[PDB]
Amino acid sequence: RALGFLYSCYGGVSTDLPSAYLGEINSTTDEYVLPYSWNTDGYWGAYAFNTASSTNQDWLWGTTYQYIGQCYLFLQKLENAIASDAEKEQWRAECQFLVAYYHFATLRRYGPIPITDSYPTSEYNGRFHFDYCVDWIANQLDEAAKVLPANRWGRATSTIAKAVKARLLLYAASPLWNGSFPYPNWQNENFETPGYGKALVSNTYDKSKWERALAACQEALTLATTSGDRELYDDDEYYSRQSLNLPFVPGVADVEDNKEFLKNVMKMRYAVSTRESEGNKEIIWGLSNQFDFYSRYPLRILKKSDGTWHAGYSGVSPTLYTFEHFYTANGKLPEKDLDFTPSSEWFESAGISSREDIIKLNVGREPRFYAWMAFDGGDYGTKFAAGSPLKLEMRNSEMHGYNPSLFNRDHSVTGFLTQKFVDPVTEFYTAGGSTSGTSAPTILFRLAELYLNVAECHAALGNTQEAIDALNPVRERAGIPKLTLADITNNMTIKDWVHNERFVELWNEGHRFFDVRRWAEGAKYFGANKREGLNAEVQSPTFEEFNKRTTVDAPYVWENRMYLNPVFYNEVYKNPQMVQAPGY
Ligand SMILES: [Ca+2]
């Protein structure tokens, strides 16, 4: 009975699930767009188009605080009763972690929040100052970490607790919360935070926040890679064990000299789509909860024997920003790489026989690019179409292109697709039915992020070589060159490198939403007309008219109120100590 209640306390951790295509943390960034006509599904549209409001929103807050309540209730049921002292202590530590985590999941969306330290309206807490919240949550995580095991329904570990504290302190040190908050006059009305009066957010840069984040990110990384038994996924032969062909990559043929590159492509596909039982020791916190794959599949996949088609929805549509910020094979940005095609020629055909639709921008790229992206003329998957890779025809309205007559008008907005998280063994059958190979946990925390977090902290503190040394394990694993001091220039700073490595490595893992926000760069990356793609919403285009830089045509905008999630109007009314977020 007790375990059942305990298990139920974990029920809210799938809130804001990474990679779920209708979720606003996933489908509102510059990573990829969804068809405008899909805006009637879910909340992504409201958030991307700034129509979310106090009366139109994802009331995430209702869920987190409900499960926080369950945690405290469990602790009470325990006190009134079963299990050893040691086991009861573990249960209490799991609840402590969960309460802290639920506050963090709320904080990262809403900003300053009520701290609920236990289960009349005048006694209601309003928001506490952001820095108060950070301190309280961090302490709670440290306390739970003392008790929890470093390694083991994925139950809490000290490793996870320290990883959450690391990300929390990284966020707290970031511009939004450490000197660049765009509403300096926003404060409480008649609620006070101990030590902060009515203030809600710091308006002054504090270097010590970066020193504290570095210490936490370092401690999390060491714990994960020692007692936590974590290491970067580096198996490069699983494709062979599953009897799969090496993938087709334009410009990198399957020849002896290119075997390492092609194996790195498959390693990256498996890195984010495998279980610990399959040899993956990189995941720190993963959930059983799955997310939809059909939204990223191409339209027509395979014609069945009865004459109907296996079909995807083809809606997850990577931007030109994504296709321009994954690296070249030399580990540089395409625009900055002196050996790469000049941008004036990016949209020309690469001239590959039988695959003339492949443009030059898509040749000469890093293994992560071919692992996770897909494009006109290229392959999608490995066993996808009854045992063979699927060749994409993004300009053919009778295969993978835009077609206004298709039910629901599913299509790629940009002319590109992603295959990240797609199991290489995924296969659709002529006789009907299909397989997606072996499911994998949805990643909340994995070890690559801890390296990137340490790099960002070093960069902020001016420790250039140390930042480089934290990035290079991730770069090497992905099969691009290591960084050296010679690579750090006015044109491409250590911070530029850290932010871009994060963009690439953690692409579509629910980070970009938060990172652009904490960097206070909403206008720069999420603003009107920033999102671009090919000319992909014209039926049956020529190669020439298809491959033109085209602004994504939907009401995307950035205004500063969008840094924070608005509070449900009823919560603002129900709680007299509660203030609405700025601009809402
Ligand atoms: Ca798998």
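Each ligand, and each atom within it, is numbered from 1 in the order the structure gives. If you read the sequence from its start, that first residue is 1, and numbering goes on from there.
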Chemist: Which class fits the ring pair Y297 and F384: parallel under 30°, tilted 30 to 60°, perpendicular over 60°?
Modeler: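 Judged by the thresholds at 30° and 60°, the geometry between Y297 and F384 is perpendicular.
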Chemist: Quick one: how many protein N/O/S atoms are under 3.0 Å away from the Ca ion (ligand 1)?
Modeler: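 For the Ca ion (ligand 1), protein nitrogen, oxygen or sulfur atoms under 3.0 Å: 3.
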Chemist: Please tabulate, one pair per line, all N/O donor-acceptor pairs under 3.5 Å involving side-chain atoms of residues 467-475, not counting sequence neighbours.
Modeler:
from : atom 1 : to   : atom 2 : distance (Å)
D469 : OD1    : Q465 : NE2    : 2.8
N472 : OD1    : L483 : N      : 2.7
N472 : ND2    : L483 : O      : 3.2
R475 : NE     : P481 : O      : 3.0
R475 : NH1    : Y327 : OH     : 3.4
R475 : NH1    : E501 : OE1    : 2.8
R475 : NH2    : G331 : O      : 2.9
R475 : NH2    : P481 : O      : 3.3

Chemist: Please determine whether the number of non-hydrogen atoms from other residues, nucleotides or ligands lying under 6.0 Å from atom NZ of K530 exceeds 12.
Modeler: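 It does not: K530 NZ has 12 such atoms or fewer within range.
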Chemist: For residues 240-291, which residue pairs pass the ring pair (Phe, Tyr, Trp, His ring centres under 6.0 Å) check, not counting sequence neighbours?
Modeler: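 Residue pairs with at least one partner in residues 240-291: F97-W285, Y101-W285, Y238-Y270, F291-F293, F291-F421.
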Chemist: Can any side-chain N or O of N151 pair as donor or acceptor with the backbone N or O of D229 at less than 3.5 Å?
Modeler: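 Flag not set: sc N151 to bb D229 has no pair under 3.5 Å.
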Chemist: Would you give me the side-chain donor-acceptor pairs under 3.5 Å for residues 22-35, sequence neighbours excluded?
Modeler:
from : atom 1 : to   : atom 2 : distance (Å)
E24  : OE2    : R109 : NH1    : 3.1
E24  : OE2    : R109 : NH2    : 3.2
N26  : OD1    : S19  : N      : 2.9
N26  : ND2    : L17  : O      : 2.9
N26  : ND2    : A20  : O      : 2.9
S27  : OG     : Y21  : O      : 2.4
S27  : OG     : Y32  : OH     : 2.7
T28  : OG1    : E24  : O      : 2.6
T29  : OG1    : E31  : N      : 3.1
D30  : OD1    : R512 : NE     : 2.8
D30  : OD2    : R512 : NH2    : 2.8
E31  : OE1    : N508 : N      : 3.0
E31  : OE2    : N508 : N      : 2.9
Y32  : OH     : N26  : O      : 3.0

